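Chemist: got an experimental structure here, sequence first:
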Amino acid sequence: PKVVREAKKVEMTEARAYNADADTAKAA
Amino acid sequence: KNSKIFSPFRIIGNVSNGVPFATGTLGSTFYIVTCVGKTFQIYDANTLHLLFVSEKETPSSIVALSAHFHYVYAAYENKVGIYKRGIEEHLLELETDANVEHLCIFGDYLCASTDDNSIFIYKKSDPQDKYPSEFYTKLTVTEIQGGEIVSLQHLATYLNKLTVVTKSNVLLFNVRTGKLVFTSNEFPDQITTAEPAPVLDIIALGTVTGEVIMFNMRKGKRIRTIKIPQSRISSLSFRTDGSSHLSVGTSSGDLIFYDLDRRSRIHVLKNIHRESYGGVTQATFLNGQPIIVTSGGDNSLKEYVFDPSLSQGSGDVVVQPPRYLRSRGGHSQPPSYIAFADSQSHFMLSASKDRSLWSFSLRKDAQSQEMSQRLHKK
Amino acid sequence: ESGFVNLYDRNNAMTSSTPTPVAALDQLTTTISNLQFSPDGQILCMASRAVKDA
Amino acid sequence: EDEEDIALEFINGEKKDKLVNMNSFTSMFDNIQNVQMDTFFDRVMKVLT
Amino acid sequence: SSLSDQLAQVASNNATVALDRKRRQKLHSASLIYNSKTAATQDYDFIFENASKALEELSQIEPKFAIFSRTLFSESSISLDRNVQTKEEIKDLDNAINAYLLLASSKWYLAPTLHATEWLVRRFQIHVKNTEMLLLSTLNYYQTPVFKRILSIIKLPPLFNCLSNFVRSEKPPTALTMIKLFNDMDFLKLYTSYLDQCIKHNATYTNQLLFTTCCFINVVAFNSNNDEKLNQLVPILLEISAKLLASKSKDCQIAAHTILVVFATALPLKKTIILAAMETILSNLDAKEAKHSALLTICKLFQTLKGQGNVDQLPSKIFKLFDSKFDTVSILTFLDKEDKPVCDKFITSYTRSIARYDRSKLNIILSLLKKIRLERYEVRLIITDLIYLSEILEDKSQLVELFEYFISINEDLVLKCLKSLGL
Amino acid sequence: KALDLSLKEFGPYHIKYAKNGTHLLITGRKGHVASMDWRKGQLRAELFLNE
Amino acid sequence: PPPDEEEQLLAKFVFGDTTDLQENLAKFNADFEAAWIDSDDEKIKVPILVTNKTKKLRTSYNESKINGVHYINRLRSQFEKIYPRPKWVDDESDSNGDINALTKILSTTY
């Protein structure tokens, strides 16, 4: 037998990311 | 010319009319906004079902798309339309006669780029407002600074610094100042695309020759150079999953996955989009996931996935080749003929000048299926 | 007709006078009825009249 | 003589060699134990030329 | 992801934890020398005393193993347990065991190595926690009871399904099956990584390199038709050859030469690639036998390639390197060798390079022409460049002697050359 | 040992460990009932009940 | 009073302490500046305790505002915590015939 390249499901988990709102800020 | 009997509804059999798409997130449901000519659609990304579609046609074709969390910013002939759930909810006229050609948003600052190397910066009237509507300021870049505006980016960790990439070099603009705060050296080769890497202060630039310059803004220097000849780099994306792979989409309709850690080439995909329609017009890793979504100029949108390695011990060395995953597509040419396949109005056959026969769903476009041409034996 | 085609090179057959074929081709099981060379002498076609597709 | 004659001289010069079928090297597995790199290289070159 | 899958994952994680008596007798019965019964009955002290004796013998053979006697072969090593240590200490164990397997791949014909590795199996459960390294270590002994037993006791990572079909049989695995194994493409990347490690640690030996190179040869041989497969397979074998040449051992040099020869003759490479292969070989050529093999390899590569610009002049740096590492007398006697392997395109390009660059060893050029049986268009190219050098440089007696040699051998071609360009 | 099972299909799950401290038994709200050895990951029993 | 050396040895034996072996394993080895600055960006100050993201970023209970430079060093630490720093940029940069020409050509060609 040859190596089994089994496909399976992919469940995209949560992807926490960055905030451009935090990037931009008001002056003093 | 408005009718009294019929009213336009939506458009089947189109997934992307060639302009770069954009990705975004609503909590967990990842979505992909893609333009179609004079209108734009919003797909889910877990199943490539349909989620929203612009109800009101734009007077002219959409030129640039972008999307923050819940709003989609389209930019056609002269204006910027802020849309919520495919419903036009705020227009924004530009005070010029040019055309807007690039768009970026970050913080409270939307920023558009019109072909006369003119930048417009718009601010929210309130920190807690949802979309920018107040016109903050206007900037311009002349030939002494840089060439034509290739793209706009906003690097992470930069107060009011907007990075602008031109055909010759890179500029940093502080908009609350309205000033140029740092200009780059000169690149011998015309720059064709840009992308903000997940690491700090690094932007990736794809030239017209096989040059990928990974350039650092602070030290103002070319950190790395990746060489591919006879190829016109057309899209970049970075793997945020936790492995340092870069995906380069080359206009000859190929995709190249490099590993930055070993200076290596994992894999190359050939002809994932028809070259004659522009090849890869955008390729993007979905954030925090091993799924690359590629849209071409041939009315095609695909998702490929990276399996985990088979090597128990090696892994990162014996990295799997991408497996094709789910996709949607339409015709290359306009359809020649159409017909309805049933009474319940679920499927429509369309045969086009591309020498192809297709059956398109009508309810949720997950079922754009081409009817094979495989002769039965006699 | 017993299906061989012996291919010799002139440059050495001429001096040998009892030549050895550079090759002894046997891919046709049946009678040999048409042997033709390409105009530049890089391809050789062997055709048999008896069986279809020969 | 023409470029045609030049091409003819080229093709007439080019000579045959041994090709690489899928059943040529399946013997050094039997004959691989307790030998020396040079001898193995010579055997491969022999079976290839 | 079904609950059955998730539990299969957790079972994999807890493969080596003996949660009850039956599972313990399994994990302890798996062994290399003794059968199931005696394996299940005996103890860590006995196994460890045997290991101490065996490794002492091996250290006497070569001094390297003393460090393992220090770190993996102490009474503290009797004591410790894989499962109750933290992740960092697990990685440290894994690095140490990989190093030991790299050393021990060289003496798998010694009952001392058999006994010591038996300890390592029975105490640190290598035959479950890290089997890829073990299999890669002992793969070239594939005709031996030791390897048959390793298959019998091992659990097979998904790449080795061929050996899976040969577990618990009675006949050894065959060369054809090993060729299927290598013919895989992922396994090639795995084995590439393993060879890179072996080279960087300078721990390579003949039998292993023989098996490696024979398997690579047969891989390209079986793939001698599917040209897409060959094209995507080029990067792997050619990178292996690149590093194998970067090494210093003559064995590595010869193996890389062989792989390069077969690969080029089976698939027509580009001129730039063949140039770079030449450059690297010439850069690292050191000793006599490596010199011999490298010369034959270069000859064969130039007899392969064929296209517009087939026999163009060698670039300056490559030619200088070549004449630095090789002598005119050496190449001369090489031509004089009775076999006289066909150096046609190579010799022609060499001559044109010399003509453009040196313009002194014209008499060696003459000896070359007399020694080798050239062909028509190659001679014509030589004559053309010779006319050019004659019209540029001052006339030479040896030069007109070369022309006279042509007169004796096909002056008419000289006539066509000159009438096409000149008087 | 610190498991983390996600069965997002059936209802919220109700957990019970055997008094011995070895086997785990989960009961979903819709039909899923499983009894698993929980350490060597042998699924002793699985029942799909719509009730 | 400190233990004697032979006492340490016997203690190791009796208790089955393996920390010596752990140390040997750990020590085991295979033996065989910016370009541009912005004054107003330096001197800008923003409030702290006004939003929950800045509240989680901060480090002092009683602070309420901080200048731009500290704000960015700390926000950068945040972003680093989001995406780990990878080695390919961290510890590497480009800035007789050779040996790796073959590898270079392999890189350059398909």
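Modeler: Good, I have the coordinates. Residues are numbered from 1 along each chain as shown, chains lettered A, B, ... in the order given.
Chemist: what does stretch G:70-81 contact?
Modeler: In this structure, residues lying in contact with stretch G:70-81 by C-beta atoms under 8 Å, 6 or more residues apart in numbering or on different chains are A:18, A:22, A:25, B:156-157, B:159, B:200, G:45-46, G:57-59, G:66. (Each C-beta comes from the backbone N, C-alpha and C, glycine too.)
Chemist: which residues are contacting stretch E:170-189?
Modeler: When contacts are defined by C-beta under 8 Å, 6+ apart, stretch E:170-189 is touched by residues A:2-3, B:310-311, B:314, B:317-318, B:320, D:26, D:29-30, E:139, E:142-144, E:147-148, E:151, E:159-160, E:162-163, E:166, E:191, E:215-216, E:218-219, E:222-223, E:232-233, E:236-237.
Chemist: stretch E:370-379 vs chain D: in contact?
Modeler: Yes. If you take C-beta under 8 Å from any C-beta of the partner chain as the test, stretch E:370-379 does meet chain D, through E:375, E:376, E:377, E:378.
Chemist: neighbours around residue E:104, how many?
Modeler: Residue neighbour count, defined by other C-beta atoms under 10 Å in any protein chain shown, stands at 24 for residue E:104.
Chemist: now do the strands in the stretch 251-378 of chain B.
Modeler: Counting by DSSP state E, counting those that start in this stretch, the stretch 251-378 of chain B has strands at residues B:254-259, B:264-270, B:280-285, B:291-296, B:300-305, B:323-329, B:335-340, B:347-352, B:356-361, B:369-370.
Chemist: give me the sheet partners of the fourth one and which way each runs.
Modeler: Pairing partners of strand B:291-296, with direction, according to DSSP bridges: strand B:280-285 (antiparallel), strand B:300-305 (antiparallel).
Chemist: most tightly packed of these?
Modeler: Neighbour counts (mean count of other C-beta atoms under 10 Å in any protein chain shown) averaged over each of the strands paired with strand B:291-296 peak at strand B:280-285, with a mean of 24.
Chemist: now the angle from it to strand B:254-259?
Modeler: For the pair strand B:280-285 and strand B:254-259, the angle between their directions (axes from the mean of the first three to the mean of the last three C-alpha atoms, to 10 degrees) equals 30 degrees.
Chemist: with distance to residue D:46 added, can I get the strands of the stretch 251-378 of chain B in CSV?
Modeler: What follows is the strands of the stretch 251-378 of chain B, written out as CSV (distance: least, C-beta to C-beta, whole Å):
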stretch, distance to residue D:46
strand B:254-259, 41
strand B:264-270, 36
strand B:280-285, 49
strand B:291-296, 49
strand B:300-305, 46
strand B:323-329, 44
strand B:335-340, 63
strand B:347-352, 60
strand B:356-361, 55
strand B:369-370, 54
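Chemist: so which of those strands comes closest to residue E:306?
Modeler: Taking C-beta to C-beta as the criterion, strand B:264-270 is the member of the strands of the stretch 251-378 of chain B that comes nearest to residue E:306, at 26.1 Å.
Chemist: so the closest one versus strand B:300-305, what angle?
Modeler: Taking the same axes, to 10 degrees, one finds that strand B:264-270 is oriented at 150 degrees with respect to strand B:300-305.
Chemist: same for strand B:264-270, what does it pack against?
Modeler: Helices and strands touching strand B:264-270, as assessed by 3 or more C-beta pairs under 8 Å, 6 or more residues apart in numbering or on different chains; DSSP states H and E, comprise strand B:254-259.
Chemist: paired strands for the strand it packs on, with orientation please.
Modeler: Strand pairing (DSSP bridges) places strand B:254-259 next to strand B:245-250 (antiparallel), strand B:264-270 (antiparallel).
Chemist: and the ones you listed, which is most packed in?
Modeler: strand B:245-250 (a mean of 24).
Chemist: contacts for it?
Modeler: Outside strand B:245-250, the residues touching it (C-beta under 8 Å, 6+ apart) are B:204, B:206, B:210, B:212, B:226, B:228, B:231-239, B:255-260, B:266, B:279-283, B:285, B:292, B:294.
Chemist: show me what residue of chain C gets nearest to chain E.
Modeler: Per C-beta to the nearest C-beta, the residue of chain C with the smallest distance to chain E is residue C:11, at 11.1 Å.
Chemist: three-state assignment of that residue?
Modeler: For residue C:11, the reduced secondary structure class is helix; criterion used: DSSP: H, G, I helix; E, B strand; the rest coil.
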